[PDB]
Amino acid sequence: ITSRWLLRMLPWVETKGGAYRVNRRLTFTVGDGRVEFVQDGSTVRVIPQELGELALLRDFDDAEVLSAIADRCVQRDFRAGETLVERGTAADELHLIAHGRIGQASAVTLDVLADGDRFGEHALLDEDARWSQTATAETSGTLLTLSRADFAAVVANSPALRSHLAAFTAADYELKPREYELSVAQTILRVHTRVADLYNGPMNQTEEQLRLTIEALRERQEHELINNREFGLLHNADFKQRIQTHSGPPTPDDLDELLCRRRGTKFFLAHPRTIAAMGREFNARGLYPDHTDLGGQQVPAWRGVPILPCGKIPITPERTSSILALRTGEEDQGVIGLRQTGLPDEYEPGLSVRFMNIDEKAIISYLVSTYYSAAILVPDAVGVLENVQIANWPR
Amino acid sequence: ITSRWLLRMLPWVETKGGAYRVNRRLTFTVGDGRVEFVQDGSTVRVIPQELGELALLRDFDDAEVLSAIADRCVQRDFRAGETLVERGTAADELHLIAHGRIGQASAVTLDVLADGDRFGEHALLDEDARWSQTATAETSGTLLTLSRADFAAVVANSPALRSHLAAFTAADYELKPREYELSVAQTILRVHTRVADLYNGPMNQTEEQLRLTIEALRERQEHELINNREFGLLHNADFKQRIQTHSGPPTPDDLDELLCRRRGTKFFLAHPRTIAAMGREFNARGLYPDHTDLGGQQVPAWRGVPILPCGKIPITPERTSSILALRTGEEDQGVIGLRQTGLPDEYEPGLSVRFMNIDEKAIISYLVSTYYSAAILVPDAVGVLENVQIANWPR
Amino acid sequence: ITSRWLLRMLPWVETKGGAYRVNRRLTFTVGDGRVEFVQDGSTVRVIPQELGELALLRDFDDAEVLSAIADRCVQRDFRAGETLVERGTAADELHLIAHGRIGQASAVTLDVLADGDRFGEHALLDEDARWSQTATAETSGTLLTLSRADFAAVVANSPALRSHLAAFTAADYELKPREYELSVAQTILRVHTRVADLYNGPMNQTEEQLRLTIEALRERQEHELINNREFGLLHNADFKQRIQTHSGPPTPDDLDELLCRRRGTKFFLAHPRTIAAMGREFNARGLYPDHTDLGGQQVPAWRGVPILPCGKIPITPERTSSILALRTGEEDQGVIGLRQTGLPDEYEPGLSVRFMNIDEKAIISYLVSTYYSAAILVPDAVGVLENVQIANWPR
Ligand SMILES: [Ca+2]
Ligand SMILES: [Ca+2]
Ligand SMILES: [Ca+2]
């Protein structure tokens, strides 16, 4: 029953066969100290050529070997405050940071690794490797892991890798299309035959129940567009586009930075609690931002970019939320809503309700289905400001 | 396949939402020695104010206490010849007669209690109470029972009742609406797919089977309109409107009495055996009643009121049946047939046949449904003459 | 003679029969430590299932027993600074907090209970219970009370509760409609016959007196719409929608929070003194809010939501007032004004003036009547900011 801003703001394009294709160019350089990954929603995998940044694999440029090694790493997720490695424990895994920040405390907190950093190099070659630092995850993120035994197996498989290892001991264009498959929001509406036969004259309780079902399906559509893992703006956003607040509350400098990272931002999406926190920051700064009109409706905005409330953005137990800045369009590479219309039996242009059967207990079943998905044409179309403290008040 | 006179004689009114409301006024007086009850078909309950006829509760006029006591009695039914209480057995229950006649034989058959009579008064207060008479049920009927322990509990709950009991030891208008809910006659017609594909050219065995199903549903409708307990003229008729024959055979004096009790009687309903018995009585009296025409059809009548045969009126093993005298109409408060038309998929104006599914065994299922009920607007619209001996011949 | 903003801003819907029905869904969960209540204006009652949060009643799920216990609690209101319980006094009542904050000072001020909190648990079972803390009401509110003797009586009534107590010693959907009945603003206008016969040519002192009567009735309508207890936005607002100021003066952060709690707020209602205090806060913060136009009339606003003055909002002796944020509409679930037009004799579309009689003293009497009420379709349609200090000046 709440407002679904993402449903009414995302342009909808018609897919053919319930699938869409987005052509991705992933420019990366070898030797700059940062490993680049390929991200398909929440699943990430290291580019094989970038594996070479690792010294023990520098100048090795055999596609088979690199592809095998890249295929043999395992993705892991870490939460805030979680310890990944402990001092004293023998080192046996190479960890490549794909997202999040990880603080390493030595025997003296050395520093904080970030996206594209590596720790666990020496663990690959020798068995004497021992963790001398404790890695505490300051922020939630992902991490690729290459175990020593698996790498040893890959070495024992390819003679070229063996020879290169024995010898060492003494902008790239990569096109890879991304395929989006339409997801389904489905439900079964069970209407008793008596309710369909009698209560249908002045108002149809069958039609009202169908309306409630459609509203629930639309709410689920919005919740999935925001929070789904495969597709979904919160998770299917580039790791470079995800920013951290400078202080923790959503100060206007953070909004300026969020607008800096991409051209032609269309709007902001945030929880109403987050919008209240942003308003508190505006009042503290002493500035009164203007309000702009979309669709004949006035709405708060920052620098002319409307800020739209979305209750589907999660609030963590630590009372920290996130803000989304996103541009929408097809002619301008942005975020589109993939949806197929012209279904065989449409109650609504995107919907399909079809009679299933009548049970022995005289209960009619209807199948209400809708097909939807989200596509982000270019990486710099959705930016996420994370760890936004929304329970901060003046003191 | 038999004639359904009640289906074709009862006017049919369209209910909204599958429900109807009848406003009942129940005039009763306190202190006339007769307890009045509220009857909703076959379930009966004593009016709380009338409970006061009982001496141990006279002049007590607390609505809460009377309502609780009325709610705490239990309804029981007794058949003819059944013994309710026996001499010598300790008395612990108050019995209020709602219908039927009960002969009490003392240590000398005293008399016969009838509707509104009470026996078991003293059993309420003291534990010494003992049954000194044997109550044999001469006629089937209902009876409300108030146990000593339950009444003691109600006394222990309300201090006002305690004080009134301690002190004693030393036309009313009551509106209460009656709600009628439409009942359903439903069935599933299973037609094999071969029988629906081939045998459909010169005659449809599917359509003929559907016709047989509809006829069976109509027969069930008539049987329920006569014999159902919630609604149904035999049971949902006022206890005052139910009369007993003076002699046992249906003599014309009984028909005159049946016509006496209500104004504008429309017709009589009786079993064909009962009509034969009435004809035998007419021949014995030497009078030849006239026949009147309804719908261009000649029919036997008494005093111009047609007598219609109904085979759905039960015949008891003792060969005793009943006769119904009833007026029909909406403008004149009588008996109406509640029925909702305009169903989503009507084969007939009151019917609804809908395809359910086709089984793995290639059997098509159809759901044939009809919604019906009966309403009696005023109590004096259906009169019943009971215990009519129909196996009596001249000797 | 003052402006009646609520009368001219609330949409008016036509009730049938002088009554309206609002269907309420009350979602509650058992075991989260908070008791949910059902509120009908100013009268509140605990949901029977929620009673189970209490340990001594956990896992007991008998509807009869819970319903009886819920029915047997008594509602009490407490003012600010009022002491409810005192240390040393024996504990005999269970107090469930429905609204307001209550600070408990032990032998060391422990904490402050709020809506949904309970204190007095142990008092239910044993008679040794003694108050060891003093409860001072920091804010006015309501509180449900379950006495030990009443609970003991309920235990002695139901054997199942007895057995469960003996054994222990060793999202839910609840639909319950709310009915609104139209209230009446009525008055009698006494006009002397001489004043009606002579003073009627250039101006009618009868018509001018009638105009004054109508204005007084409209003022009473507004005062009741604001301050009435059964209906009325100040009292008939959800306990969750009532917020407390962070500091006490109406700072813009409080307005942001008030706008946070509900979607599509239409306008604010506050006393002119409260609006002056809000303006003082705006000047202190150094921000100059814009003004928006409603009905071709410019009005102060916050974030584009107009702030309308209402002199009918009470000012407490401690110089603290309240602010109302409310959205109006029927298509969007909000606040509507229930009113029936088409009266038998209308001087104005909502009014009815009818001649009563002429007294022996030659005084004509007229009855001027209007029927009105207010409905809040969903709980999150009226929010109240309470304890707003309006007598604060820069120092
Ligand atoms: Ca690189
Ligand atoms: Ca009586
Ligand atoms: Ca709860």
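Its PDB record attributes the structure to cryo-EM, giving the resolution as 2.71 Å.

Under the PDB entry, chain A has the name Nucleotide-binding protein and belongs to Streptomyces griseus subsp. griseus. Its official PDB title, as written in the record, is "Streptomyces griseus Family 2B encapsulin shell".

Take the interface of chain C and chain A next. Opposite the 19 residues of chain C that make contact, chain A presents 18 residues. Regarding the contact of chain C and chain A, the summed buried area is about 1,500 Å², with carbon and sulfur atoms giving 55% of it. The three residues of chain C that bury the most area against chain A are C:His246, C:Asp253 and C:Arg303, which together make up 42% of that side's buried surface. Put simply, chain C and chain A have 0 salt bridges between them. Counting every contact that joins chain C to chain A gives 6 residue pairs in polar contact. When contributions to the side of chain C that touches chain A are tallied by element, the ones reaching two or more residues are α7 (252-260) and β18 (297-302) of chain C. For the side of chain C that touches chain A, the per-class residue count stands at 7 nonpolar, 4 polar and 8 charged.

Residue and element names in this part refer to chain A. With 42 residues, the main nonpolar core has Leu 6, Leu 233, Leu 269, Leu 324, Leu 326, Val 335 and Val 382 as its most contacted residues. Elements that contribute at least two residues to this core include exactly α1 (5-9), β14 (183-192), α6 (205-227), β16 (267-270), β20 (320-326), β22 (351-358), β23 (363-376) and β24 (382-389). Those residues within four positions of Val 335 in sequence are excluded, and the remaining contacts are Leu 10, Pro 11, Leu 233, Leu 326, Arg 327, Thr 328, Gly 329, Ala 375, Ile 376, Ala 381 and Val 382.

All right, on to the UniProt feature "binding site: Ca(2+)" (unreviewed entry) in chain A then. Residues and elements named next belong to chain A. The sites that carry the UniProt feature "binding site: Ca(2+)" (unreviewed entry) are, in the present numbering, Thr 29, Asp 32, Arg 34, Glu 50 and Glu 53. Across 25 residues of sequence, these annotated residues stay compact in space, with a maximum C-alpha separation of 9.8 Å. Position of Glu 50 relative to the elements: it lies in the loop between β4 (43-46) and α2 (63-71). With residues up to four places along the chain from it excluded, the contact list for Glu 50 reads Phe 28, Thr 29, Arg 34, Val 35 and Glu 36. If sequence neighbours within four positions are ignored, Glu 53 has contacts with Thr 29, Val 30, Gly 31, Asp 32, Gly 33, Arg 34, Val 35, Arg 58 and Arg 118. Reaching out from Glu 53, the side chain makes a polar contact with the backbone nitrogen of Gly 31 at a distance of 3.0 Å.

All names here are of chain C. Counting buried residues along strand β12 (residues 141-147), 7 of its 7 residues qualify, which places the element largely inside the surrounding structure. Side chains of β12 alternate between two faces, with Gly 141, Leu 143, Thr 145 and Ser 147 and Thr 142, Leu 144 and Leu 146 buried alike. Sheet analysis places strand β5 (residues 74-78) next to β12, joined by 5 bridges and oriented antiparallel. Residue pairing in the sheet places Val 74 in a bridge with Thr 145 of β12. The pairing of strand β7 (residues 93-97) with β12 spans 5 bridges and is classified as antiparallel. When the bridges of β12 are listed, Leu 96 appears paired with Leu 144.

In this section: the relation of the copies chain C and chain A. Between chain C and chain A, the superposition needs a rotation of 72 degrees and an axial shift of 0.0 Å, giving an RMSD of 0.0 Å. The transformation just described matches what one would write down for a five-fold rotation axis. The C-alpha atom lying nearest the rotation axis in chain C is that of C:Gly286; the distance is 4.8 Å. Take the interface residues of chain C: only 16% of them recur as interface residues in chain A, which is what a contact between different surfaces looks like.

The next point concerns the side chain of C:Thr370. All names here are of chain C. Its place among the elements puts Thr 370 in strand β23 (residues 363-376). Within the local environment of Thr 370, its side chain forms a polar contact with the side chain of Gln 221, the two groups lying 2.9 Å apart. Setting aside residues no more than four positions away along its own chain, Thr 370 makes contact with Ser 183, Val 184, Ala 185, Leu 217, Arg 218, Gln 221, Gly 350 and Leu 351.

A cluster of nonpolar side chains, namely A:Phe355, B:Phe355 and B:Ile358, defines an oily patch on the protein surface of about 260 Å² accessible area. Note that B:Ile358 resides in strand β22 (residues 351-358). For B:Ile358, a relative accessible area of 46% corresponds to the partly exposed category.

Bringing the packing of aromatic side chains into the picture now. Enumeration according to the criterion identifies 13 aromatic pairs over all chains in this entry. Relative to B:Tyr366, the ring of B:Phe355 lies with its centre 6.2 Å away and its plane at 70 degrees, an arrangement referred to as edge-to-face. Pair noted here: B:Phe355 is in strand β22 and B:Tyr366 is in strand β23 (residues 363-376), with a separation of 11 residues, a long-range link. For B:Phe355, a relative accessible area of 36% puts it in the partly exposed group. Following the ring pairs from residue to residue traces out a cluster consisting of A:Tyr288, C:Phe282 and C:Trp302. Its end group placed over the ring of A:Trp5, A:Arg8 keeps NZ or CZ at 4.1 Å from the ring centre. Across the ring face of B:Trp393, the terminal group of B:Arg280 is positioned such that the distance to the ring centre comes to 4.4 Å.

How each quantity is defined
Residues numbered from 1 in each chain as written, not as in the entry; some residues may be left out. Chains lettered and ligands numbered in written order. Part of a larger assembly, values for the part shown. Heavy atoms only, no water. Contact = heavy atoms within 4.5 Å. Buried area = accessible area lost by both parts, 1.4 Å probe. Salt bridge = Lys/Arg side-chain N within 4 Å of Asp/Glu carboxyl O. Polar contact = N/O pair within 3.5 Å; in protein donor to acceptor, adjacent residues only side chain to side chain. Helix = DSSP H or I, 4+ residues; strand = E, 2+ residues; numbered from the N terminus. Nonpolar A, V, L, I, M, F, W, Y, C, P; charged D, E, K, R; others polar. Core = buried A, V, L, I, M, F, W, Y, C linked by side-chain atoms within 4.5 Å. Buried < 20%, exposed > 50% of the residue type's maximum accessible area, 1.4 Å probe, protein only. UniProt positions renumbered as here; feature names shortened; annotations may be inferred. Pairing = 2+ DSSP bridges. Least-squares fit on C-alpha atoms. Patch = residues over 30% accessible without salt bridge, like charges linked within 9 Å, V, L, I, M, F, W, Y side chains within 5 Å. Areas by Shrake-Rupley, 256 points an atom, 1.4 Å probe, with all protein chains shown as cover. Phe/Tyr/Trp six-rings, centres within 6.5 Å; stacked < 30°, edge-to-face > 60°. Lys NZ or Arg CZ within 6 Å of the ring centre and 35° of its normal.

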